[PDB]
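One structure is given here, and the rest of the page talks about it.
What's counted below: heavy atoms across the whole structure, side chains too, no hydrogens, waters or symmetry copies. Within every chain, numbering begins at 1; the chains are lettered A, B, ... in the order of the sequence lines, protein sequences first and strands thereafter.
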Amino acid sequence: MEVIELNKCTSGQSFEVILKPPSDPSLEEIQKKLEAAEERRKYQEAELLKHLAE
Amino acid sequence: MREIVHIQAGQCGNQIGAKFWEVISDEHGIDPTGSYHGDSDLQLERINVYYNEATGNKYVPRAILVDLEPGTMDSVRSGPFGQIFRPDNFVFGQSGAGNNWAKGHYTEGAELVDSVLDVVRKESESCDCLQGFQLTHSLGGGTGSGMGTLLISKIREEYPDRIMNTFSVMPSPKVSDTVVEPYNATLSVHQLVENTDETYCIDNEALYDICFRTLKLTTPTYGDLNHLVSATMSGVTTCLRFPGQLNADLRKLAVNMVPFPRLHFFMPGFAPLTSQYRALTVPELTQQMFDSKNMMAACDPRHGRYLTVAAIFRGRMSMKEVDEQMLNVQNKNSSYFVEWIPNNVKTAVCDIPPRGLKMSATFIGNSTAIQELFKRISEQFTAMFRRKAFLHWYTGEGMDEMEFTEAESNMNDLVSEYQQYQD
Amino acid sequence: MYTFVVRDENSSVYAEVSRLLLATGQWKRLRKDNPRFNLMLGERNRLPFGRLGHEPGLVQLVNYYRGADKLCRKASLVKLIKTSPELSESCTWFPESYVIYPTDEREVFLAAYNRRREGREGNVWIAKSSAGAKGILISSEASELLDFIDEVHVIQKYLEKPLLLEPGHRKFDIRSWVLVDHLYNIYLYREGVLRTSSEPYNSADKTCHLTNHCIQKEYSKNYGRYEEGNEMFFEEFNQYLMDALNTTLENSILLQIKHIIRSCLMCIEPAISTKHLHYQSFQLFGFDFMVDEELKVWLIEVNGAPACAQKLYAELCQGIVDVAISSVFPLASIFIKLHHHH
Amino acid sequence: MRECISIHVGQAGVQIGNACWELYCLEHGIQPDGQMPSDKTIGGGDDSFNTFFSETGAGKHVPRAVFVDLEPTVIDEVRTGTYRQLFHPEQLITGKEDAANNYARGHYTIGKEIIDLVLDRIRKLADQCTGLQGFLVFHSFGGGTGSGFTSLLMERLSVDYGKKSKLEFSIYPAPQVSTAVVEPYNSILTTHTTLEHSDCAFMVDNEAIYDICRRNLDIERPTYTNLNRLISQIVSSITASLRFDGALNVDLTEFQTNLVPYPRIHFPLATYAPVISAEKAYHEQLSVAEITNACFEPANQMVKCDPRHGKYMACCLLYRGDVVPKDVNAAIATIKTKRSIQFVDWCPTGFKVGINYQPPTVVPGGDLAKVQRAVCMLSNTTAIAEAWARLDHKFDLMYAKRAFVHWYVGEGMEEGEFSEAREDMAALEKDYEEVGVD
Ligand SMILES: Nc1nc2c(ncn2[C@@H]2O[C@H](COP(=O)(O)OP(=O)(O)OP(=O)(O)O)[C@@H](O)[C@H]2O)c(=O)[nH]1
Ligand SMILES: Nc1ncnc2c1ncn2[C@@H]1O[C@H](COP(=O)(O)OP(=O)(O)CP(=O)(O)O)[C@@H](O)[C@H]1O
Ligand SMILES: Nc1nc2c(ncn2[C@@H]2O[C@H](COP(=O)(O)OP(=O)(O)O)[C@@H](O)[C@H]2O)c(=O)[nH]1
Ligand SMILES: [Ca+2]
Ligand SMILES: [Ca+2]
Ligand SMILES: [Ca+2]
Ligand SMILES: [Mg+2]
Ligand SMILES: [Mg+2]
Ligand SMILES: [Mg+2]
């Protein structure tokens, strides 16, 4: 084993032990998605109200 | 504050609706005058779901009473809790509906429906955040069936984003008033298929058999039948009325219980059903709750498969033992639960038991076996419709035979849709 | 009422186990995709171990050890023996083997091959792999072996001096069935089988060199001459060792067999044990051994999904239910327990 | 000093956040009224605890936290709780009606109408930061708000705070305490949308916490209160390096550098020991070797899986209490000769170790006993993909029948998002198998 990067302070310490060496969408694009879903909800509600009007 | 607006329509709807308000007022500590006299803050934590608070800390049911004749509603106003209802919420005509879906839906009911919607609007306008509506009615008569489904269609038009829930009493020749009940029920079922999110199927055939075979009542009355309905309605609404994690509102219940929009017809069950001081253990509660003899729809669950199940236990008991027994029933009879909906059985526990019982359990099942109920109605419909028998009562109100043919095809489609997911 | 699922229809051993469980009246068979089971008779390939032990209120048990493939593959067994200090390359009961890819030990095999040919000693090797169903070449030329693989294989020293049964002057191999339960107890079935060659051993034809039951039934003219189905059981073999070599099966062979079984399974115990795991495993193994003319036992093969001898299906499968299944799910010895320190 | 902002979304995120900030105050000596007598710099300062707490002129230490829920009842508990004085109303955001366990309702329908308010309240906290380093986001997988609104919030945070790191504490669904049949849908929908926006996510399976509470705390039927007190202990040990003096995991960027070499594979497994019942009058205190050996037992992991049948990419040991490096290295040497610990070939076989001398703080009157030393291991092992396989299988069972899909389409979500999210999870499972299996 090899201990490296030992750092000590009043509240504790840290180190590393080695055992073996190795071998986004824009604001506009998000807004389009939210508005597209809202438009689909509006279309579904309009079809329902049309069905109820018949 | 997720308020529910309650509506009861017709003779059956007002009689079971009044008993429902009598039972849950007692559970929440509300006296016939609207004054709270309980001793637990759990009684009032979710009191606003069903009750408005008036002057003097009075609690007024958010309930609207509808009928096309004043008879039954006069009896309600003279009943035990008759004075608790808001007097302006009594909306009634004088002509009656003559056990005729057409009179309720198209002629007599159309003249009265606007005044009901005015009262519904007044109650909704005072809600902090209305979650939806619950309707109690029968399907075999004229007002509850015909005007009740008319009301549902108009409420959906005005409140399209709110949940619609019904307690719908299905007719049976064993407990029948008129021969046209299959006509009225078939016409109403198609309305429910389209315009409700959740419907508890309360079969008068099942209610009669339970009173006679189990409760040992040789001559059951409607009052005896309505005692089973009150207990069931109290149990299935427990999760809406008391603090809890599961199915705490009408929409989360629908999301848990309805995998396909049209298949939203539930088989309710209750335990215990005693013909009375003996203690009922958790294994006994769980086994009786799943027994077909405790179901309210007169359908054999072993003839179908459970899509979803909600179970509610009431009383002081071991939640560890409740979990073990609920897992036992599922693991014992796993063939009766569809495998393509994992963990489809949900369990709630409420510490407050119903009146007169230390422990109780309520069952809500979305089973494909409910198709037996619709098949039964469809057969009785066709037996008369093939000879156009008794149709003149309906064509005299402006209806055409084609509307009956379409209602017939619509319910046969519903039956075929249940059979699809049973295989 | 316990529940189980069947996911390997081709398993003759667990088709009998499933038949026995149903005959108890206390076990119910579910659909193969129903997750609410107590016992899974799993498939051989890509058993979904990651979906086991996540069912509330169900103690779940599976008939395979995840990770046991390290022992039950040709190339995996060679690497496991060489790289594990518990077994080491100085392992005396395993033939000198090398993993040759068509990690690679081409130069190491040729180094020992050149050392043998230079030393005028026996230099016969055998090439095989896990893809050989009824693909094996035995040769004394390393060039012929390396050219065959290119057309993952292993090449191990062919035991040129096997113990030959008389009459017949014929080769054999010993199959041992071993059951490891959920507590990692190692149970050796008291009944083994000698799968014998019916042809005389010729050190100058693969029918007299390969003792497989399929090869003897498809290429040997003497199939079933000396023993039925070219299968000699322990009672006759022990009687032969007494009459011919003045010794017993227990002393001359079985002590080494029990030592090898224990060594292999103890080596992989930390990697496969289900002691503190959310599900439990058991597994039936088929160990194959060779015996040389000096009564030394050599390990050749470990089978992870073995079949059984026809005469021994009923006894062994019943023993599986007794110590592996009913020990976890009790209802309402034919094994030798190889004791060890966990 | 660089500030960190905590965001708690939905019921699970809020209730876990309430348990964490209660524990933080106990650890830092902050009273329920916000006062901190040990803090000698009144009204300001850039100490390590100031990464999580701001200071008013009156000496109140205010959490850098936002609570968001689409239903008011859970956050109203924070408004009238023990630590109600820590927070001002601007930090507590409530809606009128929740997402009804529906990812699409939380993400599209309700999320569109409240996302700008939430970001404005977060902006108010960021404006108090001299050097904000990023966010810690607490939420469930299964709830409509925890799944649907979190993914929308995480997308917008990448837009408005492009350089900032974002870490997750995510509650993986378990039927023993779950409240919705569609939770596998919501889990996969939110993982797909959040995957490119999260730098490091600590998944906690409610099943593992439930059984640890039953087995090690002798709780017959654990409640959310039992679960969240244990979860807050694990969260505290994970964030302690941001709140105390030290040299390991001292900023959010170091979490990715130390635990996440492959960006998509950013779900470290947490293992915690020891969990000891406070009901036991006297318990034998476990040594460094014993608690370190317990980090390799599946019974102590936040997700039940088998690290023996995977490969490690990184491993951190976070100790609290009476621990010195000599005993850690002696424990590691013994463990390596008994345990199946395989690292991928392109990574060194080793452990980054951090020790904080202050032993763990337990909530007075809680279920957890005070111990002399404890450890939380954070290991990026491919074995955690077993949790994805379980989740994806349940998804496949329901989606093959389109069960419950109409609830999501009714909220404006396209059905193609289901298969798109599932294809992403399929590619994720394939990544883990390519890394951890030969
Ligand atoms: N560990 C833990 N899990 C919780 C807690 N609360 C809820 N959960 C889990 O979270 C999932 C449900 O999500 P919730 O957070 O309750 O739902 P939500 O985020 O409020 O979203 P909606 O209510 O649908 O609007 C289930 O799997 C619960 O088991 C909690 O306090 N602690
Ligand atoms: N190193 C060796 N020395 C001598 N003979 C050997 C040998 N390796 C194999 N044999 C012979 O060749 C036969 C086939 O070997 P192998 O172990 O490949 O069988 P197999 O895997 O094809 C079927 P099984 O799974 O039942 O063992 C053995 O039964 C044995 O008789
Ligand atoms: N369970 C129950 N069923 C009833 C009651 N009253 C009527 N019914 C049933 O309801 C149907 C008659 O409809 P009814 O409500 O009386 O007609 P309406 O007033 O026009 O709605 C028949 O199937 C009856 O069996 C009652 O009090 N309880
Ligand atoms: Ca008129
Ligand atoms: Ca200060
Ligand atoms: Ca980013
Ligand atoms: Mg009547
Ligand atoms: Mg083989
Ligand atoms: Mg919520």
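Side chain to side chain, B:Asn343 and D:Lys394 meet the donor-acceptor criterion of an N or O pair below 3.5 Å. Using modelled atom types, one finds a donor on one side chain and an acceptor on the other under 3.5 Å when comparing B:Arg241 with B:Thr237. There is a side-chain donor-acceptor pair under 3.5 Å between B:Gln371 and B:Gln419. For the residue pair B:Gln43 and B:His28, no side-chain donor N or O sits within less than 3.5 Å of a side-chain acceptor on the partner. Using modelled atom types, one finds no donor on one side chain facing an acceptor on the other under 3.5 Å when comparing B:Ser75 with B:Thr72. B:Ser176 and B:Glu181 share a side-chain donor-acceptor pair at under 3.5 Å. Between the side chains of B:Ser145 and B:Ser188, at least one donor N or O sits under 3.5 Å from an acceptor N or O. Looking at B:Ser334 and C:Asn34, their side chains do bring a donor and an acceptor atom within 3.5 Å of each other. Judged by distance alone, the side chains of B:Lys252 and D:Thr179 never bring a donor and an acceptor atom under 3.5 Å apart. Judged purely by distance below 3.5 Å, without hydrogens or angles, the side chains of B:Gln11 and B:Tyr222 never pair a donor atom with an acceptor atom. Side chain to side chain, B:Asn247 and B:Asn256 meet the donor-acceptor criterion of an N or O pair below 3.5 Å. A side-chain donor from one of B:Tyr336 and B:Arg302 sits under 3.5 Å from a side-chain acceptor of the other. Between the side chains of B:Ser172 and B:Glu205, a donor-acceptor pair is found at a separation under 3.5 Å. A side-chain donor from one of B:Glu27 and B:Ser234 sits under 3.5 Å from a side-chain acceptor of the other. For the residue pair B:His137/B:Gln8, the side-chain donor-acceptor check at 3.5 Å is not satisfied.
Under a 3.5 Å cut-off, the side chain of D:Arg221 and the backbone N or O of B:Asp323 do not form any donor-acceptor pair. Judged purely by atom type and a 3.5 angstrom limit, B:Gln131 uses its side chain to pair as donor or acceptor with the backbone of B:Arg2. Counting only distance, with no hydrogens or angles, the side chain of C:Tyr2 and the backbone of C:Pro330 share a donor-acceptor pair below 3.5 Å. Judged by distance alone, with hydrogens and angles left aside, the side-chain atoms of B:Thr368 form a donor-acceptor pair with the main-chain N or O of B:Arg305 at under 3.5 Å.
Side-chain contact between B:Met326 and B:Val345: present, with at least one pair of heavy atoms (C-beta onward) separated by less than 4.5 Å. B:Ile47 is not listed as a side-chain neighbour of B:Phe242, based on a closest heavy-atom distance of 4.5 Å or more. For the pair B:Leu228/B:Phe270, no side-chain contact is recorded, criterion being any heavy-atom separation below 4.5 Å from C-beta on. Using a 4.5 Å cut-off on side-chain heavy atoms (C-beta onward), B:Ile312 and B:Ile364 make contact. In this structure, the side chains of B:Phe313 and B:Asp351 stay at 4.5 Å or more apart for every pair of heavy atoms. Between C:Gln60 and C:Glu55, the closest side-chain pair of non-hydrogen atoms falls below 4.5 Å. Side-chain contact between B:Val329 and B:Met289: absent, with no pair of heavy atoms (C-beta onward) separated by less than 4.5 Å. Counting heavy atoms from C-beta on, the side chains of B:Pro272 and B:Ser360 come closer than 4.5 Å.
Other residues, nucleotides and ligands contribute over 12 non-hydrogen atoms within 6.0 Å of the NE2 atom of D:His406. Residue B:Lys174 places its NZ atom among more than 12 non-hydrogen atoms of other residues, nucleotides or ligands, all under 6.0 Å distant. Atom CG of B:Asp423 has more than 12 neighbouring heavy atoms from other residues, nucleotides or ligands inside a 6.0 Å radius.
A salt bridge does not link B:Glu372 with B:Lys375: every distance from a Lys NZ or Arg NE/NH1/NH2 to an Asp or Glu carboxylate oxygen is 4.0 Å or more. Using a cut-off of 4.0 Å between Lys/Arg side-chain N and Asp/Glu carboxylate O, B:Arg251 and B:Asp249 are scored as not salt-bridged. Remark: B:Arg262 engages B:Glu417 in a salt bridge, criterion side-chain N to carboxylate O under 4.0 Å.
Between B:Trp21 and B:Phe81, the gap from one ring centroid to the other reaches at least 6.0 Å. Outside the 6.0 Å centre-distance limit, the rings of D:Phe404 and B:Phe260 are not counted as a close aromatic pair.
Between B:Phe381 and B:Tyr183, the angle of the ring planes goes over 60°, which puts this pair in the perpendicular group of the 30/60° scheme.
Partners of B:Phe337 according to the ring pair (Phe, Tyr, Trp, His ring centres under 6.0 Å) rule, which considers only residues two or more places apart in sequence or in another chain, are B:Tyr306.
Residue B:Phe167 is tested with B:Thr232, B:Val236, B:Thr199 for a side-chain contact (heavy atoms from CB on, under 4.5 Å); the sole match is B:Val236.
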